[PDB]
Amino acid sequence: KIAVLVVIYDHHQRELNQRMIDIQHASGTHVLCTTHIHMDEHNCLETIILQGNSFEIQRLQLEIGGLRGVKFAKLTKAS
């Protein structure tokens, strides 16, 4: 399975990027790459693309989805 996680987060939350990076390096999944754009002055949008088993993918969204300053983390899956 390949998946894409879309994350919207607070631009002013300090150290949040670091945490998100720690998580993705610790992850059992294979993260192919991430892309970041400013939506505006307050919010960044992030696309994380990944391959792995659905269990390891789910844990990634939960770990990320729970951080403070994360507005949301939405998963899309394909076969």
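When you see a residue number, it is the position in the sequence shown, counting from 1.
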query: Third assignment of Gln58 from its chain's C-alpha B-factors; finding: highest
query: Assigned third (lowest, middle, highest) for the C-alpha B factor of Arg19; finding: middle
query: Lowest, middle or highest third - CA B-factor, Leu75; finding: middle
query: Chain-relative CA temperature factor third for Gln51; finding: middle
query: Chain third (lowest, middle, highest) by recorded CA B-factor, residue given as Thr35; finding: lowest
